[PDB]
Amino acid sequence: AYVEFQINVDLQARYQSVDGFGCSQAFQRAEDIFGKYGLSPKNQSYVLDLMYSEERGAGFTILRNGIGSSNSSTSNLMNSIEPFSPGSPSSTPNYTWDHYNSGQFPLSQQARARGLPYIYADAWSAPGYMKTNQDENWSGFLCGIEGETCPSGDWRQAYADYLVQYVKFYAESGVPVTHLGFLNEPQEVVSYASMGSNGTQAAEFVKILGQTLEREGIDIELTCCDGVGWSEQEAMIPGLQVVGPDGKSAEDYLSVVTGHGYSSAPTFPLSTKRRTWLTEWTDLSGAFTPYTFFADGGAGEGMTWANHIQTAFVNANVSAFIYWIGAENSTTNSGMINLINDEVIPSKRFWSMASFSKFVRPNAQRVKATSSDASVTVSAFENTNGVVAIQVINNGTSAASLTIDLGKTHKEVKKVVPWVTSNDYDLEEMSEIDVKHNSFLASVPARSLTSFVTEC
C-alpha cells in the first residue's frame, strides 16, 4: 500500500512524565475574570470553564500565582501578607491574610472546583525591607545571602518563614499549594517586583527553605529559578548542583527546575536530574492576533504556539508548559484569551494550548513518535488511563494523508478521534476513525494542528 506520510508511535520507548499545562493570573489579572472591567457573570463562568473544565474547555491543570511583595494594591501590584517590616529579622512578624491575594485566591478555588490539581506559588521578590535596596523593585538581593549583607541584619530565615506562612494561609483556607518558588527572572532589573541571585546564591536559599519545610512538616515541591530564558536558567544549574560541606546540593531539595522562554526558547534539555517546567512565555510585542493560526509566522499566531509547545516537550524535555496570562482585559497577545469588557475572544494560542491540555493529562508519559517528512511534526503521550494522545502539526500548504502506526500495545486500539485546530477550526472534533492492527489512516488539513485521541 502507498504511504504519503508515515508516522510511527512506539509506546515501548518512553521519556519524561507530564505534570500539565496552564497559565498565570498575576498582577491583578485574576480580577479581570471576576468582572473587574465589566465581564458578565455568564462570561465569568464561561471563561473559568474554558480554562479549567476538561469537558467544556482546556482543562488546564497548573495555575501559577504570585506571592505578592507590595505594601499596597495600587496600579497592578500584588499586595503582601507581610506589608510592613517587623523591625528586625528576629522580631515577631505581623501577617495579614485577605482571602484574596489579588484575585488569585478565589480563582484558585474556582479552578480546584473544576479539578485543577497543581497550584504553583511564585514570588517575584521578597518584601522590600528584607532586601539590600530596601525595595521590592529594581532587583536587589535578599539580606544575608552570600556577598550581600545589610545593616538591618540577616533576613534569609525570615523570608523562608514568610513563604511558609503564605502557603499555610492557603492550606488553612482549603486551597493547598503544591509547588513553591521564591524567585522570578533573577537576571532581570526592572521597575516592578524583582530580586537577584546567581546559581550559587539561589542554591543557598533553596537549602534554607527546604530545611524549613522539613522542620514544619509541610509537603510541597520546591522550584528554581524561573530564569528569563532557557539558556539563562541552564547557566544557574551548576550552582544548584554543588554538593556543599553538608553533603547536599540545592538540587537535592528541588522537585522542578523552572524557566521562561523570553530570552531563549526551550529547544534543548536542561542538565538537571529533575523534571523541568516551562513556567512563563507569551508574545509581549503588543500585536493583536486573536484569530490567526497561520498567516506569516507572526509571534502571536496559533501555529507558532502549537510549535513552541510541541518543541518544548519533544526537544526540550519539559514536563509542563505554563503560558503567561490566561485571560485579561486587553487587546494584545500577552494573554491567551482577550476580554473586551463583557466579551470573550479565545485566541488560537489558547486553542493550541487546549489541544494539548485537554488530552495530555497529569502523569502522562511522552513516548517516541517519528515522522517521515519534515512538513509534518509529531509528538505523542500515553496517559495513566491508557488514552494515547498524538499531536500532529501539518505545515504543508495542502492536506496531508498520514499512515499512523501505533506499534505494539497490550490491548489493540480500535478507535481514534481527531480534534483539529487551524484558521478554520478552534478545537473541532472530527468523526472517529477505525484502527486495524494498531494502524490507521487520516488526512489532516493544510497549516493545522490535529490531536488524535485513542479510545479505551
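Note that residue numbering follows the sequence shown and begins at 1.
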(request) Look up the CA B-factors in the entry and say which stretch, 144 to 152 or 249 to 257, has the higher mean. (result) 144 to 152
(request) Compare the mean C-alpha B-factor of 260 to 268 with that of 212 to 220 as given in the PDB entry, and name the stretch with the higher value. (result) 212 to 220
(request) Can you pull the Cα B-factors for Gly244, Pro117, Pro83, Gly103 from the entry and say which is highest? (result) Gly244
(request) Determine which member of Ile393, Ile62, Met51, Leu406 has the highest CA B-factor, using the values in the deposited entry. (result) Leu406
(request) Would you mind ranking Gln165 by its C-alpha B-factor against the rest of the chain and naming the third, lowest, middle or highest? (result) middle
(request) Would you mind ranking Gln28 by its C-alpha B-factor against the rest of the chain and naming the third, lowest, middle or highest? (result) lowest
(request) Classify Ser448 as lowest, middle or highest third according to the C-alpha B-factor given in the PDB entry, relative to its own chain. (result) lowest
(message) Please place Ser355 in the lowest, middle or highest third of its chain according to the CA B-factor in the PDB entry.
(response) lowest
(request) Looking at the entry's B-factor column for C-alpha atoms only, identify whether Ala306 ranks in the lowest, middle or highest third of its chain. (result) lowest
